[PDB]
Structure formats: C-alpha cells, structure tokens
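Data from data-v1.tsv: TSV, N, CA and C atoms
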```tsv
chain	number	residue	atom	x	y	z
A	1	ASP	N	96.14	90.47	126.77
A	1	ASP	CA	96.77	91.82	126.65
A	1	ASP	C	96.86	92.22	125.17
A	2	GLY	N	97.77	93.09	124.84
A	2	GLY	CA	97.91	93.53	123.42
A	2	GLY	C	98.89	94.70	123.34
A	3	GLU	N	98.82	95.46	122.28
A	3	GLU	CA	99.75	96.62	122.14
A	3	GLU	C	99.06	97.77	121.40
A	4	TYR	N	99.52	98.97	121.58
A	4	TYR	CA	98.88	100.13	120.89
A	4	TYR	C	99.87	101.29	120.78
A	5	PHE	N	99.38	102.49	120.63
A	5	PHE	CA	100.29	103.67	120.53
A	5	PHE	C	99.65	104.89	121.19
A	6	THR	N	100.40	105.95	121.36
A	6	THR	CA	99.83	107.16	122.01
A	6	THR	C	100.54	108.42	121.51
A	7	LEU	N	99.80	109.46	121.24
A	7	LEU	CA	100.44	110.72	120.75
A	7	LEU	C	100.10	111.87	121.70
A	8	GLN	N	101.02	112.78	121.90
A	8	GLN	CA	100.75	113.92	122.82
A	8	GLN	C	101.03	115.25	122.11
A	9	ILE	N	100.25	116.26	122.39
A	9	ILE	CA	100.47	117.58	121.74
A	9	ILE	C	100.23	118.71	122.74
A	10	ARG	N	100.97	119.78	122.64
A	10	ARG	CA	100.78	120.91	123.59
A	10	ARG	C	100.13	122.10	122.88
A	11	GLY	N	99.48	121.85	121.77
A	11	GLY	CA	98.82	122.96	121.03
A	11	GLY	C	97.36	122.60	120.77
A	12	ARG	N	96.45	123.48	121.08
A	12	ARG	CA	95.01	123.19	120.84
A	12	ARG	C	94.67	123.33	119.36
A	13	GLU	N	95.30	124.24	118.68
A	13	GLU	CA	95.01	124.43	117.23
A	13	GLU	C	95.34	123.16	116.44
A	14	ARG	N	96.37	122.46	116.84
A	14	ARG	CA	96.74	121.21	116.12
A	14	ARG	C	95.88	120.05	116.63
A	15	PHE	N	95.73	119.95	117.92
A	15	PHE	CA	94.92	118.84	118.49
A	15	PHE	C	93.58	118.75	117.75
A	16	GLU	N	92.87	119.85	117.65
A	16	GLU	CA	91.56	119.82	116.95
A	16	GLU	C	91.69	119.02	115.65
A	17	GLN	N	92.81	119.13	114.99
A	17	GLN	CA	93.00	118.37	113.72
A	17	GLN	C	93.10	116.87	114.02
A	18	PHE	N	93.95	116.49	114.94
A	18	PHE	CA	94.10	115.04	115.28
A	18	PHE	C	92.80	114.51	115.90
A	19	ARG	N	92.36	115.09	116.99
A	19	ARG	CA	91.10	114.61	117.63
A	19	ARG	C	90.04	114.34	116.55
A	20	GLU	N	89.61	115.36	115.87
A	20	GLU	CA	88.58	115.16	114.80
A	20	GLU	C	89.03	114.02	113.88
A	21	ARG	N	90.28	114.01	113.51
A	21	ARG	CA	90.78	112.92	112.63
A	21	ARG	C	90.69	111.58	113.36
A	22	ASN	N	91.04	111.55	114.61
A	22	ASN	CA	90.95	110.28	115.38
A	22	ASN	C	89.61	109.61	115.10
A	23	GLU	N	88.55	110.37	115.13
A	23	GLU	CA	87.20	109.78	114.86
A	23	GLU	C	87.12	109.32	113.40
A	24	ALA	N	87.57	110.14	112.49
A	24	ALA	CA	87.52	109.76	111.05
A	24	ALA	C	88.40	108.53	110.81
A	25	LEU	N	89.65	108.61	111.17
A	25	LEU	CA	90.56	107.44	110.96
A	25	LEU	C	90.03	106.24	111.74
A	26	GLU	N	89.52	106.45	112.92
A	26	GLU	CA	88.98	105.31	113.72
A	26	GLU	C	87.99	104.52	112.86
A	27	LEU	N	87.19	105.20	112.08
A	27	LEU	CA	86.21	104.49	111.22
A	27	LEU	C	86.93	103.84	110.03
A	28	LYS	N	87.96	104.46	109.53
A	28	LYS	CA	88.70	103.88	108.38
A	28	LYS	C	89.11	102.44	108.69
A	29	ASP	N	89.74	102.22	109.81
A	29	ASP	CA	90.16	100.83	110.17
A	29	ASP	C	88.96	100.02	110.66
A	30	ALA	N	88.29	100.50	111.68
A	30	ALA	CA	87.10	99.76	112.20
A	30	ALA	C	86.25	99.23	111.04
A	31	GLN	N	86.29	99.89	109.92
A	31	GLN	CA	85.48	99.42	108.75
A	31	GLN	C	86.40	99.06	107.58
A	32	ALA	N	86.45	97.80	107.23
A	32	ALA	CA	87.32	97.38	106.09
A	32	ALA	C	88.77	97.78	106.37
A	33	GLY	N	89.48	98.20	105.36
A	33	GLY	CA	90.90	98.60	105.57
A	33	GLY	C	91.80	97.83	104.60
A	34	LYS	N	91.50	96.58	104.37
A	34	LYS	CA	92.34	95.77	103.44
A	34	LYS	C	92.18	96.28	102.00
B	1	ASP	N	104.35	125.98	134.75
B	1	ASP	CA	103.58	124.80	134.26
B	1	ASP	C	102.81	125.16	132.99
B	2	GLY	N	101.75	124.46	132.70
B	2	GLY	CA	100.96	124.77	131.47
B	2	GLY	C	99.92	123.67	131.25
B	3	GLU	N	99.42	123.55	130.05
B	3	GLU	CA	98.40	122.50	129.76
B	3	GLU	C	98.57	121.97	128.34
B	4	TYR	N	98.10	120.78	128.08
B	4	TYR	CA	98.23	120.21	126.71
B	4	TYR	C	97.17	119.13	126.48
B	5	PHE	N	97.41	118.23	125.56
B	5	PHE	CA	96.42	117.16	125.29
B	5	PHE	C	97.14	115.86	124.91
B	6	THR	N	96.43	114.77	124.83
B	6	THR	CA	97.08	113.48	124.46
B	6	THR	C	96.08	112.55	123.77
B	7	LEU	N	96.50	111.88	122.73
B	7	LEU	CA	95.58	110.95	122.02
B	7	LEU	C	96.16	109.54	122.01
B	8	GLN	N	95.33	108.54	122.11
B	8	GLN	CA	95.84	107.14	122.11
B	8	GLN	C	95.13	106.31	121.04
B	9	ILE	N	95.83	105.41	120.41
B	9	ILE	CA	95.19	104.56	119.36
B	9	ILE	C	95.72	103.13	119.45
B	10	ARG	N	94.89	102.16	119.17
B	10	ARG	CA	95.35	100.74	119.24
B	10	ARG	C	95.49	100.17	117.83
B	11	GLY	N	95.61	101.01	116.84
B	11	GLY	CA	95.74	100.51	115.44
B	11	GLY	C	96.97	101.14	114.79
B	12	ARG	N	97.82	100.34	114.19
B	12	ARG	CA	99.03	100.90	113.54
B	12	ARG	C	98.67	101.55	112.20
B	13	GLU	N	97.71	101.01	111.51
B	13	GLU	CA	97.30	101.60	110.20
B	13	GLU	C	96.82	103.04	110.40
B	14	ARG	N	96.15	103.31	111.49
B	14	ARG	CA	95.66	104.69	111.73
B	14	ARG	C	96.78	105.55	112.32
B	15	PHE	N	97.49	105.04	113.29
B	15	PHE	CA	98.60	105.83	113.90
B	15	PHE	C	99.48	106.44	112.80
B	16	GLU	N	99.94	105.63	111.88
B	16	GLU	CA	100.80	106.18	110.79
B	16	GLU	C	100.21	107.49	110.27
B	17	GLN	N	98.91	107.57	110.20
B	17	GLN	CA	98.27	108.82	109.71
B	17	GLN	C	98.47	109.95	110.72
B	18	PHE	N	98.16	109.71	111.96
B	18	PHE	CA	98.34	110.77	112.99
B	18	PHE	C	99.83	111.09	113.18
B	19	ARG	N	100.62	110.10	113.51
B	19	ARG	CA	102.08	110.36	113.69
B	19	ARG	C	102.59	111.26	112.56
B	20	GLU	N	102.56	110.78	111.34
B	20	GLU	CA	103.04	111.61	110.21
B	20	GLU	C	102.37	112.99	110.27
B	21	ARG	N	101.09	113.02	110.54
B	21	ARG	CA	100.39	114.33	110.63
B	21	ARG	C	100.96	115.14	111.80
B	22	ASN	N	101.20	114.49	112.91
B	22	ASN	CA	101.77	115.22	114.09
B	22	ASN	C	102.92	116.11	113.63
B	23	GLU	N	103.78	115.59	112.80
B	23	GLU	CA	104.93	116.41	112.31
B	23	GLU	C	104.41	117.53	111.40
B	24	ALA	N	103.51	117.21	110.51
B	24	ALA	CA	102.97	118.25	109.60
B	24	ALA	C	102.22	119.31	110.41
B	25	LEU	N	101.25	118.91	111.18
B	25	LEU	CA	100.48	119.89	112.00
B	25	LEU	C	101.44	120.62	112.95
B	26	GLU	N	102.38	119.92	113.52
B	26	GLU	CA	103.34	120.58	114.45
B	26	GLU	C	103.94	121.81	113.78
B	27	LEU	N	104.21	121.73	112.50
B	27	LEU	CA	104.79	122.89	111.78
B	27	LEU	C	103.71	123.94	111.52
B	28	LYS	N	102.50	123.51	111.29
B	28	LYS	CA	101.40	124.48	111.03
B	28	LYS	C	101.33	125.51	112.16
B	29	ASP	N	101.29	125.07	113.39
B	29	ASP	CA	101.23	126.03	114.53
B	29	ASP	C	102.61	126.64	114.78
B	30	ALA	N	103.60	125.82	115.01
B	30	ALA	CA	104.97	126.35	115.26
B	30	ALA	C	105.29	127.48	114.28
B	31	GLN	N	104.68	127.46	113.13
B	31	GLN	CA	104.95	128.54	112.13
B	31	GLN	C	103.66	129.31	111.83
B	32	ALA	N	103.61	130.56	112.21
B	32	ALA	CA	102.38	131.37	111.94
B	32	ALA	C	101.16	130.70	112.58
B	33	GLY	N	100.04	130.74	111.92
B	33	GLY	CA	98.81	130.11	112.49
B	33	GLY	C	97.68	131.13	112.53
B	34	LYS	N	97.98	132.36	112.86
B	34	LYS	CA	96.92	133.40	112.92
B	34	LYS	C	96.38	133.70	111.51
```
With the file now loaded, output its structure as structure tokens.
Amino acid sequence: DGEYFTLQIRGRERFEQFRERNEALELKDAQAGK
Amino acid sequence: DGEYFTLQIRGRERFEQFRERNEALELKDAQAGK
C-alpha cells in the first residue's frame, strides 16, 4: 500500500492552472528533486 | 447541482506546490477573472 493526496476545485479557470501544472510538477519530482 | 474537477498526487514535494497554489488560484477566480 502507500499514501498520497488529492485536491478538488469547482472552477475551470483555476483547474487549467493546476492540471497543466500537475504535468509540469509531476516531472519535477519524477526527475531528480534532491 | 453543478460540476467541478479533482486532482490527485502521490508526492508530498509536488502537492505543497498545488495546495499552496490552490489558495492563490482560488483567489484569482473568486476575485475578478474576466
């Protein structure tokens, strides 16, 4: 098993920022990070 | 009723970025936006 987190938003104008960021940040950790 | 969105992440280093952003972006729309 393991643990994680989850965020919810009711605005599409803001989501576009997180979603797109999710991909960018996803690479930040998946690659190096230390 | 209505509609919204939800994002999930399994990394704390990245979440800190979205979470903190969630508050910042939340104000972007909640205030003006057009």
Point to revise | Distance criterion (only C-alpha atoms): nearest to chain B out of A:22, A:6, A:31, A:17 | key: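 Under the stated criterion, the closest residue is A:6.
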Compile a residue-level contact table for chain A against chain B at a cut-off of 8 Å, reporting for every qualifying residue the shortest atom pair and its distance in Å to one decimal, with only C-alpha atoms counted, rows ordered by chain and ascending number, as JSON lines.
```
{"residue": "A:3", "atom": "CA", "partner": "B:10", "partner_atom": "CA", "distance": 6.7}
{"residue": "A:4", "atom": "CA", "partner": "B:10", "partner_atom": "CA", "distance": 3.9}
{"residue": "A:5", "atom": "CA", "partner": "B:9", "partner_atom": "CA", "distance": 5.3}
{"residue": "A:6", "atom": "CA", "partner": "B:8", "partner_atom": "CA", "distance": 4.0}
{"residue": "A:7", "atom": "CA", "partner": "B:7", "partner_atom": "CA", "distance": 5.0}
{"residue": "A:8", "atom": "CA", "partner": "B:6", "partner_atom": "CA", "distance": 4.0}
{"residue": "A:9", "atom": "CA", "partner": "B:5", "partner_atom": "CA", "distance": 5.4}
{"residue": "A:10", "atom": "CA", "partner": "B:4", "partner_atom": "CA", "distance": 4.1}
{"residue": "A:11", "atom": "CA", "partner": "B:4", "partner_atom": "CA", "distance": 6.3}
{"residue": "A:12", "atom": "CA", "partner": "B:4", "partner_atom": "CA", "distance": 7.3}
{"residue": "A:13", "atom": "CA", "partner": "B:29", "partner_atom": "CA", "distance": 7.0}
{"residue": "A:14", "atom": "CA", "partner": "B:25", "partner_atom": "CA", "distance": 5.7}
{"residue": "A:15", "atom": "CA", "partner": "B:5", "partner_atom": "CA", "distance": 7.2}
{"residue": "A:17", "atom": "CA", "partner": "B:25", "partner_atom": "CA", "distance": 7.8}
{"residue": "A:18", "atom": "CA", "partner": "B:18", "partner_atom": "CA", "distance": 6.4}
{"residue": "A:19", "atom": "CA", "partner": "B:7", "partner_atom": "CA", "distance": 7.3}
{"residue": "A:21", "atom": "CA", "partner": "B:18", "partner_atom": "CA", "distance": 7.9}
{"residue": "A:22", "atom": "CA", "partner": "B:18", "partner_atom": "CA", "distance": 7.8}
{"residue": "A:25", "atom": "CA", "partner": "B:14", "partner_atom": "CA", "distance": 5.8}
{"residue": "A:26", "atom": "CA", "partner": "B:14", "partner_atom": "CA", "distance": 7.0}
{"residue": "A:28", "atom": "CA", "partner": "B:14", "partner_atom": "CA", "distance": 7.8}
{"residue": "A:29", "atom": "CA", "partner": "B:14", "partner_atom": "CA", "distance": 6.9}
```
**Study point:** Those of chain A in DSSP helix (DSSP H, G or I), formatted as a VMD selection string
**Key:** chain A and resid 12 to 30
Taking all atoms of region 9-12 of chain B that appear in the file, build a box with edges along x, y and z, extend it by 8 Å on every side, and state its centre and edge lengths in Å to one decimal, as AutoDock Vina command-line options.
```
--center_x 97.0 --center_y 102.8 --center_z 116.3 --size_x 20.1 --size_y 21.2 --size_z 24.2
```
Practice item. Go through chain A and collect every residue that DSSP, computed from the backbone, puts in strand (DSSP E); the answer should be as a ChimeraX atom specification. Key: /A:5-9
**Study point:** Gap from atom C of residue 20 (chain A) to atom N of residue 34 (chain A) - Å, one decimal
**Key:** 20.0 Å
